[PDB]
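Enquirer: One structure coming up, written as structure tokens, with questions to follow.
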Amino acid sequence: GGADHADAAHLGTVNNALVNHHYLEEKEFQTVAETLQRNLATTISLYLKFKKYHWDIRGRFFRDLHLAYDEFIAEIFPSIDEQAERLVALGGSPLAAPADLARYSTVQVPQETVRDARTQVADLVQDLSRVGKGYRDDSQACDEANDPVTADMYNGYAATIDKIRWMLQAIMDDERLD
Amino acid sequence: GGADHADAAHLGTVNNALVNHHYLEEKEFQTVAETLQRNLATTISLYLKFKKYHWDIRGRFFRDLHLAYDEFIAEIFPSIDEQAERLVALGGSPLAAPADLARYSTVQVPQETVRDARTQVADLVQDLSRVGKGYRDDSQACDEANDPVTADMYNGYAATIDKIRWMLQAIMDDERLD
Amino acid sequence: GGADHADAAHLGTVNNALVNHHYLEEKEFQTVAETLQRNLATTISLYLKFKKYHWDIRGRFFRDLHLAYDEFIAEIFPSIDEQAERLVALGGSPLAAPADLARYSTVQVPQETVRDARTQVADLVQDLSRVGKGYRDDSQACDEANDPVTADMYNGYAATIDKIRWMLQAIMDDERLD
Amino acid sequence: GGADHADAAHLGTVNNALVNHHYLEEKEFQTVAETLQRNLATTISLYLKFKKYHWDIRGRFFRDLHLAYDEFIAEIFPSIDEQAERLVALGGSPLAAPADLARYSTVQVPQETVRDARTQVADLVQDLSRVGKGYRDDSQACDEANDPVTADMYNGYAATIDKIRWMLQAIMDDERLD
Amino acid sequence: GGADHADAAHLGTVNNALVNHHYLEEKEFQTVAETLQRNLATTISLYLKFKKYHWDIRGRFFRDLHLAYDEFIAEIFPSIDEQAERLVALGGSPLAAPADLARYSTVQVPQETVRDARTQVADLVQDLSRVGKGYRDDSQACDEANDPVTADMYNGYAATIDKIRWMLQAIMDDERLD
Amino acid sequence: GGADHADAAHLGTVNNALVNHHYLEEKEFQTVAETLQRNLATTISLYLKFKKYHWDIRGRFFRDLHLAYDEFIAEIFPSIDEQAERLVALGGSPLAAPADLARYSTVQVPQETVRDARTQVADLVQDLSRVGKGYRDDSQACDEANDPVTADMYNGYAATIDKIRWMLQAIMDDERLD
Amino acid sequence: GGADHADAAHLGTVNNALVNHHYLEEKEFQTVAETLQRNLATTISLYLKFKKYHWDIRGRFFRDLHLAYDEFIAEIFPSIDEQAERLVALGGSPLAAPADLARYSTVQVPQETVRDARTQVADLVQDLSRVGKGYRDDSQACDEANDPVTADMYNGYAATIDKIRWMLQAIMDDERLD
Amino acid sequence: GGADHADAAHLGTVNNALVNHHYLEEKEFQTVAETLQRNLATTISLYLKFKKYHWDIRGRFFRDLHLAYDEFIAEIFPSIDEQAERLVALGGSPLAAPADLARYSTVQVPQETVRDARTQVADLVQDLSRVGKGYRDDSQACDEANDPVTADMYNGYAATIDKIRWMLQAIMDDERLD
Amino acid sequence: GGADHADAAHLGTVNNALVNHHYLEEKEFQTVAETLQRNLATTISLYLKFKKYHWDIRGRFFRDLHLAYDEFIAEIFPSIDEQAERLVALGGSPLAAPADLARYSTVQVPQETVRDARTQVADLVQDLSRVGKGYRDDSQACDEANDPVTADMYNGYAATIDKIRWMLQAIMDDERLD
Amino acid sequence: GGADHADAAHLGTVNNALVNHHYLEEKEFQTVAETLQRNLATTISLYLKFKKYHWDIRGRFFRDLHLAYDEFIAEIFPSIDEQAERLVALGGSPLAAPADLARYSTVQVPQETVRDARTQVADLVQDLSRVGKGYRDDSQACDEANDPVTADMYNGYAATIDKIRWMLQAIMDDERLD
Amino acid sequence: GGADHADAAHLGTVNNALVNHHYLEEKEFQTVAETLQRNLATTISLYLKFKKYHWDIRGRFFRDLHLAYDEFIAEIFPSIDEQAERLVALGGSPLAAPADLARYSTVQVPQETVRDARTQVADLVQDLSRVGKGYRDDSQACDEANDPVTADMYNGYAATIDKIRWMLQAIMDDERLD
Ligand SMILES: [Fe+3]
Ligand SMILES: [Fe+3]
Ligand SMILES: [Fe+3]
Ligand SMILES: [Fe+3]
Ligand SMILES: [Fe+3]
Ligand SMILES: [Fe+3]
Ligand SMILES: [Fe+3]
Ligand SMILES: [Fe+3]
Ligand SMILES: [Fe+3]
Ligand SMILES: [Fe+3]
Ligand SMILES: [Fe+3]
Ligand SMILES: [Fe+3]
Ligand SMILES: [Fe+3]
Ligand SMILES: [Fe+3]
Ligand SMILES: [Fe+3]
Ligand SMILES: [Fe+3]
Ligand SMILES: [Fe+3]
Ligand SMILES: [Fe+3]
Ligand SMILES: [Zn+2]
Ligand SMILES: [Zn+2]
Ligand SMILES: [Zn+2]
Ligand SMILES: [Zn+2]
Ligand SMILES: [Zn+2]
Ligand SMILES: [Zn+2]
Ligand SMILES: [Zn+2]
Ligand SMILES: [Zn+2]
Ligand SMILES: [Zn+2]
Ligand SMILES: [Zn+2]
Ligand SMILES: [Zn+2]
């Protein structure tokens, strides 16, 4: 993918004379950086979305979901600083302003108050299906671009996302969940 | 302030029949909820902004500022869940989507790559002057609205913000910082 | 409120010659001590009530409520020794015998075996609505009586009680909870 | 002893269809349950009594006794939840309301302010003599009723109570303690 | 109170161009800063005084008082850095030289060797009566000066000082303490 | 690469009868072992070099660099025992004598006293550029030699080295660093 | 390999409507699931076998081997839940009944009492040679089946197994071990 | 057994007026106290003996036995204070002077330097056979004397001693141990 | 040196009958006590001085020095209670009132606000040169006075002070530090 | 002093061929070993004596002394293994049988039950005066015998013993202690 | 000894204007610095040598020696940074490049693969005999050169080295170790 938005190696600015793409060729950096910026915005958006649903859930599954969402945040949270800094280490600049989260994330954070357990869980399962396949695909893309290092990070993140996807899909595989 | 955007006690939705403003009158809730939604969006925006500057700083003050910004995040971070849940406990629904952060935060997160130490620090000092006065003013407003409980939370947050403001203002009170 | 039952500064007994109300006038002590004795008996009664319901709950919400009640006890428990000793520090003597708990608590502990989740949760939500408003009102009363110190303790306890009230009210805001 | 007050296996209520006395015959349950309800009420009453004396002690032995009573509470406190739940596991329902504590406890909690060290310590030593013999006797009774499991719990509790009894008896074996 | 001795916002010196009183007006800063400098010098003086008495106590209450004084130091010690830095955050400069401690503290540190338990304890109880009322009064003064933030700090410190005052007053309320 | 210096599977010595290359063919072992011996000597040399610069740095960046070098040692240090033992597990014998470190390391440890911050940092950045590319290349070589296991170790080490490279390059991207 | 025994995506049962193979095609799932079920049964069998030998070893190497086997269990044990849940996350159902362990494990647990150190160690070294090559081969198979995520798990497990293999092979490379 | 040497309930001395045998009859105390004094002296003697052998062992089993003896001390050590205080709680006075250890211990501490592994281990196995049977027999004796409390302590100590006996017997069941 | 100010063995006061100089002759005590009182006052003065500079530093080296001064306080702080109590153990009474700190300390605490990094660091380096030589000289003096015990304490304190001296001297060995 | 009883370098026994006195001449070893065997037996005897008095103390100072004796044991206990092993490292064999403790200790463990606080404390103060001077003298003797290493150990032990001596002497410097 | 190689106080370089020998005369620094550089190179060489033997040991004593060498590294490792920084604090510059380790160490690291337990242990015992005497001699030399501070460091290091020497000498004092 195209990564000009995340590339900091060609800026006209102070304290930037040494920035480069280390062992990656320019086109390889473009491929890898598009995945890192997208996955960073996605991870931050999942933190915000798990919190919004943690705060808004009501009804008899409140303890099940309120506590689960915090456990899932704890699993994914460290990857925010790690993905941002992998991008910086390769000569990028990570984006984290609200407008940039909205543009590059594959996950949308709700603006409405969603009380219903099934509505929350089905939304999250759809997101996590996309994000876990995303990391598997992005791992292969990075390996192909001669970046097995970023690929290895993604292999670990995909295992975590796939695990959370299973747990949430299991909870909603029940006709008595309204 | 007006707080319709944060008020969840009158929604037409499921699992919402019991939501109310507890011991606050409606107008008192409006006053307190405007402060909680604004301060929540501001705190999350400060987390994102301290991270963006942590990731982008370069030059000879890199260790000073990279490490300081993480210490400041650790001081303010717990207040994200606390402020959101104080709003929920009073019959509100906290907003955390990117569009809502941008609308209600008193702090803007950078979309550009800022390498320069002075530029980062002066921006943050301006923000923290506004946010610390904000919590002092909002504490008095909440006390006046018969909510000494939220006021007490704000008294603690203001002390933290004022402390961080001093440290950053001190670092930039130097003509040799370019 | 009247606090003769809690006042230890005028006793005819040994090792009591120095007991006084420190910086409070007698009438100020009466106001503050009535709130401390009542809130102490209430807090101990909530410990006993959360335990009784923890021990007696049955049915499919057993894990949700059994575990939640212990988390809520852990939040409120430290305030037992703190409220009792604030009363002692102001020249009072805290009461903790069963007959005194029953007389002064605003919360009644069940003598029957309550298996039903909704019955337990609705009872607790009614209690916590009363106790959280109680601490907000008692904070203002203490501040008015020139005791901002006890008021500050109450501001923290009210935030905890209000949080627990929200979580329990959320769980029961569901027609499928029988 | 008779245990109808603690027996939950025959209730006319919801979510109670499966409750039974596990491997104990009905008469064996009656014997064991009388000991568990009495010892539960006694243990909670000792927590309340050690606290009341911790809060009220004055004079030159204040540090000796204030700190000792908290160490003794820490030793006995875990047995509250353990004894209540052993009773639940055998098809009982434990009682913890103030009126039930007063009825079934072998220890009375003071309603007066006792400043005098000797008065407190002699009262506690009398209580602990009764409670430690109680657990030794109740252990033998439970073993005889084919419940070596509850007996084993009591053997451990008796060792703790007997140890605390020695320490308090030692402190008061002194004519200079007024 | 007058606070010129603690005010750093008008100095003729290097690295001081940005120093100001944040959200406080000049007269409000004068009120708050007088309380912070006085309470800082008082807290440091209480650390030194509790140590001097810890080191010099002899006789049969040695363990009671030697250990208690260290527990009381541990309770008050963190407030030294906190009060000094609240003053710095508001545009002050805290004083800590011996001559400044002696001038501004409301507590005098002994220059003589005091072996006698009663003499030590009565001296400390007089000090703590003054210091606990001081924090209650200074809290109200700060609130009136539109600084609820510093007031909140003082509310917590007063509760700690009042607790220590009770424990020491209790120990000496005994005719057999010589 | 050629690895006879590290191969222990053909020695004429005691307690060596069972040594073999496990699932690797001889030529595959030669490829993988050359990378492990070189990276082991390099890692130990980086420990020694970060220490020498930690001990010798002087001037106004002393705290920045003295502390950073210890944090970087803590990140890389565990890989010394891990790389040596991966080589042993594949039928090699790791070298660690000074003469062997000097021969096989891609990093040279200074014999002179280097006080100058820029001189130290530029030297380290050159080293880490070589070592991070080295691990990326060696990962691909190991994967090609049917050793994805050693490759995975290298993917993690490369991410650490690349991160440290960024931080040091950032510090020196400043004309005011002399 | 064929994996019908582990595939849960086509069951005729309740709460199973959503089960699928996520981002893997059916044939890819068959390949990966055969490796996960086999490695799960193997890992559990190694836990049981290391325990049986830990319990049965006698003679002068008792401390060497009794303690080593527990350290090796601690290294491999977490991979039991991890491998089972990777299989569940991909739409499988892991098998753990004794009959299924015996069928699918590549390691057999002893039914006899083996006192002899050499007999135990040689048996384990043969097992670990097979299991470490197994994980290397299964990693490559999973990567080929577009599952780099499971492959990455296996790369870590192989390094652990290969390390344990070396230590046990070393201990028995000695003619004086009878 | 006869226990006059350990009985403190009939002394002609100060601060001893309240000492009694709690719930045991005099003859029951004699039985139980003989076991407690003997087992106390035995446990202290095993601490001294395990240390002497830990300090004196030489030869090729040095690490096996030096480290094992410290692990065995850590298992038995807490029972020194526990057995002594059970005796005090029942109106006894525990003996610990060297002459009393020698008289009442069933284990003799070496006065010679024993370098030989087999000699040490065979000596310890003989001791532990006696001490583990001793605790089993003493448990039954205490139960018969209406002291199930002390019996329970002994049941736990016997399990520990029997475990250590197995490990040491295993090490020496080897003709190659010289 | 002369130590009458610190000598408590000849006081006309209560609870002082047993005070003596243990194994030191009177003149030996005078030598050792002069060093302990001086070093105690010096250490407390260094705590106060490091804090004053920690609180007052401004400009671009704020993080370097603010954090360093707290690390140096943590290194020296335990020696306050240790030196005071070594003096008490030898029959002295340690002085800690402000007037006594000022008289006996070899380090003066600033009464002015010092913003300038170089001014602070040069002042501290001069102090630490004096204090580290002081402990080396006082160690030799104590050894000569037959007190190798106090000498050993001083050997450890000197190593700490000398280390801090190096770090601060290094930071200021730079012409660009203004 | 003469040390034949502790010298293991000339034994006629197995596994003893390499034992020697390391860097000490024979006469130097004799001097140092006499001090180590005596101080080892003394330290173990102080552990036993502090325990006997901990177990036997009664009357109103029970908490003061029961708890203090355990704190003093915790301070001295590590020196048992350290002194024994310093002797082993120099070619000695440490003695720990009861008969050897009695022969070489400078402290006698009571065979009687001592309830009286003053009697216990005065006995201990006499012991600790002897033991602290002993370590000071033995430190000088070891230094003179070219063993500054053992001397350094003794300097630390003397400081601990002297501290405990002060605390116990202080407690008994009181005519009201009977 | 001569120490020009380690002396940094006379360099012609930047940021070195303030370097001096603190309280030591030039000739005293030469004596002390020769010992510090030699002992630093020796300690680092012992880390490398213990690792090489840890990695290469095979045969039936593998667990005994593999684990022991890591415990010995953990004991000596902290002295690397401590000895290097004592040299820096006295105006030296410590050497750590491979060529400098080889020149100044009294211990040689093996370049060959040594499988044999006796060969490893005998080599280490010879080294540790030299290094422990070295620290005893260097302690006396430093004391004579008016550096009791460095001498004290060496007294502690010698005790550690002498302890490790005993343990290794004990293991090899056995004819059955081949
Ligand atoms: Fe970061
Ligand atoms: Fe990986
Ligand atoms: Fe939350
Ligand atoms: Fe507050
Ligand atoms: Fe309390
Ligand atoms: Fe429970
Ligand atoms: Fe038991
Ligand atoms: Fe601070
Ligand atoms: Fe800096
Ligand atoms: Fe290792
Ligand atoms: Fe699991
Ligand atoms: Fe072994
Ligand atoms: Fe004890
Ligand atoms: Fe102290
Ligand atoms: Fe020392
Ligand atoms: Fe006391
Ligand atoms: Fe030991
Ligand atoms: Fe260092
Ligand atoms: Zn680019
Ligand atoms: Zn509303
Ligand atoms: Zn009153
Ligand atoms: Zn029944
Ligand atoms: Zn001003
Ligand atoms: Zn080969
Ligand atoms: Zn399928
Ligand atoms: Zn008797
Ligand atoms: Zn004197
Ligand atoms: Zn000899
Ligand atoms: Zn020189």
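Quick note on naming: the chains in the structure tokens go A, B, ... in the order shown, residues restart at 1 in each chain, and ligands are numbered from 1 in order of appearance.
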Within 9 Å of ligand 19, counting only C-alpha atoms and all ligand atoms: which residues, as a ChimeraX atom specification?

Expert: /A:3-4,6-10,20-21,25-27,29-30,91-92

Enquirer: Set the distance at 12 Å and use only C-alpha atoms: which residues neighbour range 122-126 of chain B once local chain neighbours fewer than 2 positions away are removed? I'd like the list as a PyMOL selection string.

Expert: (chain B and resi 45-47+49-50+52-53+65+69+72+106-110+114+116-120+128-133+161-174+177-178) or (chain E and resi 18-19+22)

Enquirer: Please superimpose chain J upon chain K, fitting all C-alpha atoms matched one to one in order, and report the result as a compact mmCIF listing (two decimals) with C-alpha atoms, in the first residue's frame.

Expert:
```txt
# COMPACT_ATOMS: atom_id res chain seq x y z
CA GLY J 1 51.65 -1.09 40.92
CA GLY J 2 51.96 1.20 37.89
CA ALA J 3 48.63 2.51 36.58
CA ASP J 4 49.28 4.89 33.65
CA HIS J 5 46.94 2.78 31.40
CA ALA J 6 44.00 3.54 33.74
CA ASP J 7 44.77 7.17 34.67
CA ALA J 8 42.41 9.73 33.07
CA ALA J 9 43.37 12.87 35.04
CA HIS J 10 46.03 14.15 32.60
CA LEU J 11 44.39 13.52 29.20
CA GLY J 12 44.55 15.96 26.35
CA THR J 13 40.87 15.85 25.46
CA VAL J 14 37.42 17.56 25.73
CA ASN J 15 35.22 17.53 28.89
CA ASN J 16 38.19 16.46 31.06
CA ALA J 17 39.27 19.73 32.72
CA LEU J 18 37.96 18.83 36.18
CA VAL J 19 39.18 15.22 36.42
CA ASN J 20 41.44 14.62 39.42
CA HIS J 21 42.32 11.98 42.05
CA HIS J 22 40.02 13.43 44.76
CA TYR J 23 41.63 12.78 48.19
CA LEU J 24 44.46 10.53 46.93
CA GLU J 25 47.98 11.70 46.14
CA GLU J 26 49.27 10.76 42.68
CA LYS J 27 51.34 7.77 43.88
CA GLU J 28 48.40 6.53 46.02
CA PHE J 29 46.15 6.70 42.95
CA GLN J 30 48.74 4.66 40.98
CA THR J 31 48.71 1.92 43.62
CA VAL J 32 44.91 1.78 43.92
CA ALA J 33 44.19 2.13 40.16
CA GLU J 34 46.49 -0.78 39.23
CA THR J 35 44.42 -3.02 41.57
CA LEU J 36 41.06 -1.74 40.21
CA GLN J 37 41.93 -2.20 36.53
CA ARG J 38 43.38 -5.66 37.16
CA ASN J 39 40.41 -6.78 39.31
CA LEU J 40 37.88 -5.33 36.78
CA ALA J 41 39.47 -7.26 33.89
CA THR J 42 39.63 -10.38 36.14
CA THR J 43 35.96 -10.13 37.13
CA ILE J 44 34.74 -9.70 33.56
CA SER J 45 37.01 -12.63 32.54
CA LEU J 46 35.45 -14.79 35.29
CA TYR J 47 31.96 -13.94 33.97
CA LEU J 48 33.07 -15.04 30.46
CA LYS J 49 34.83 -18.17 31.79
CA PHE J 50 31.96 -19.31 34.03
CA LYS J 51 29.67 -18.85 30.98
CA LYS J 52 31.97 -20.77 28.61
CA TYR J 53 32.11 -23.69 31.07
CA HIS J 54 28.34 -23.43 31.74
CA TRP J 55 27.74 -23.73 28.01
CA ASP J 56 30.29 -26.50 27.31
CA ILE J 57 30.00 -28.89 30.33
CA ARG J 58 28.67 -32.39 29.46
CA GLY J 59 28.28 -35.69 31.31
CA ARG J 60 26.59 -36.76 34.51
CA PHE J 61 27.57 -33.66 36.58
CA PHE J 62 25.90 -31.36 34.02
CA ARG J 63 23.15 -30.14 36.40
CA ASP J 64 25.53 -29.72 39.31
CA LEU J 65 27.98 -27.48 37.41
CA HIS J 66 25.68 -25.79 34.79
CA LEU J 67 23.50 -24.41 37.63
CA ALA J 68 26.38 -23.67 40.04
CA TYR J 69 28.26 -21.52 37.50
CA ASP J 70 25.19 -19.28 37.04
CA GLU J 71 24.83 -18.86 40.84
CA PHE J 72 28.51 -17.88 41.04
CA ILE J 73 28.08 -15.37 38.16
CA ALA J 74 25.13 -13.82 40.04
CA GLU J 75 27.36 -13.36 43.13
CA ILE J 76 30.25 -11.67 41.33
CA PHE J 77 28.46 -9.81 38.54
CA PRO J 78 27.50 -6.59 40.42
CA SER J 79 31.16 -5.99 41.21
CA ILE J 80 31.89 -5.29 37.50
CA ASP J 81 30.05 -1.93 37.43
CA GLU J 82 31.12 -1.17 41.07
CA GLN J 83 34.88 -1.68 40.46
CA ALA J 84 34.79 0.21 37.13
CA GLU J 85 33.00 3.15 38.76
CA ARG J 86 35.28 3.25 41.83
CA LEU J 87 38.12 3.69 39.34
CA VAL J 88 36.17 6.48 37.50
CA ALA J 89 35.37 8.20 40.84
CA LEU J 90 39.13 8.39 41.59
CA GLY J 91 40.01 9.94 38.18
CA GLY J 92 40.58 6.74 36.17
CA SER J 93 39.09 5.30 33.00
CA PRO J 94 38.25 1.59 33.13
CA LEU J 95 39.24 -0.71 30.32
CA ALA J 96 36.91 -3.34 28.91
CA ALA J 97 37.91 -4.08 25.28
CA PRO J 98 38.86 -7.70 24.60
CA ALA J 99 42.58 -6.82 24.13
CA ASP J 100 42.60 -5.03 27.49
CA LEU J 101 40.78 -7.90 29.29
CA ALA J 102 43.42 -10.31 27.98
CA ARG J 103 46.32 -8.06 29.03
CA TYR J 104 45.24 -7.22 32.60
CA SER J 105 43.15 -10.18 33.81
CA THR J 106 44.73 -12.73 36.14
CA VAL J 107 42.20 -15.29 34.69
CA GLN J 108 42.33 -16.68 31.14
CA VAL J 109 39.12 -17.56 29.33
CA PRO J 110 39.25 -20.91 27.43
CA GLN J 111 39.38 -20.96 23.65
CA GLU J 112 38.79 -24.74 23.58
CA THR J 113 35.70 -26.82 24.32
CA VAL J 114 36.24 -28.43 27.75
CA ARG J 115 33.62 -31.18 28.40
CA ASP J 116 35.37 -32.73 31.40
CA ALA J 117 34.06 -31.76 34.85
CA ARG J 118 37.35 -32.26 36.69
CA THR J 119 39.29 -30.24 34.12
CA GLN J 120 36.85 -27.33 34.46
CA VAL J 121 36.65 -27.40 38.25
CA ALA J 122 40.43 -27.74 38.85
CA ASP J 123 41.06 -24.78 36.46
CA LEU J 124 38.50 -22.65 38.32
CA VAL J 125 39.84 -23.58 41.75
CA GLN J 126 43.35 -22.49 40.71
CA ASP J 127 41.93 -19.19 39.41
CA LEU J 128 39.88 -18.50 42.54
CA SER J 129 42.79 -19.25 44.86
CA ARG J 130 44.75 -16.53 43.01
CA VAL J 131 41.85 -14.07 42.85
CA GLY J 132 40.81 -14.41 46.53
CA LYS J 133 44.43 -13.93 47.75
CA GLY J 134 44.63 -11.04 45.24
CA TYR J 135 41.73 -9.24 46.86
CA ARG J 136 43.11 -9.83 50.39
CA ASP J 137 46.53 -8.44 49.31
CA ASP J 138 44.97 -5.55 47.33
CA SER J 139 42.78 -4.63 50.33
CA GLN J 140 45.91 -4.27 52.51
CA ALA J 141 47.68 -2.30 49.73
CA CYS J 142 44.76 0.09 49.40
CA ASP J 143 44.50 0.64 53.16
CA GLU J 144 48.27 1.43 53.18
CA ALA J 145 47.70 3.92 50.33
CA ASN J 146 45.09 5.78 52.47
CA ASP J 147 42.16 4.31 50.58
CA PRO J 148 40.20 2.29 53.22
CA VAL J 149 37.12 2.87 50.99
CA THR J 150 38.35 0.70 48.08
CA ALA J 151 39.82 -1.71 50.62
CA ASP J 152 36.36 -2.22 52.14
CA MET J 153 34.93 -3.09 48.67
CA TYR J 154 37.70 -5.68 48.25
CA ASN J 155 37.06 -7.24 51.69
CA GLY J 156 33.49 -8.04 50.54
CA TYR J 157 34.58 -9.36 47.14
CA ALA J 158 37.24 -11.59 48.71
CA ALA J 159 34.64 -13.22 51.02
CA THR J 160 32.49 -14.07 47.96
CA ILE J 161 35.40 -15.45 45.92
CA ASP J 162 36.69 -17.51 48.88
CA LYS J 163 33.20 -19.02 49.34
CA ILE J 164 32.95 -20.04 45.68
CA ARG J 165 36.51 -21.47 45.86
CA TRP J 166 35.49 -23.72 48.78
CA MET J 167 32.39 -25.06 46.99
CA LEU J 168 34.31 -25.90 43.78
CA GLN J 169 37.28 -27.39 45.69
CA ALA J 170 34.82 -29.57 47.66
CA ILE J 171 33.18 -30.94 44.50
CA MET J 172 36.53 -32.11 43.06
CA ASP J 173 37.89 -33.60 46.34
CA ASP J 174 36.77 -37.04 45.19
CA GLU J 175 38.71 -39.79 43.41
CA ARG J 176 35.49 -40.97 41.68
CA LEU J 177 35.28 -37.66 39.84
CA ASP J 178 37.18 -38.87 36.76
```
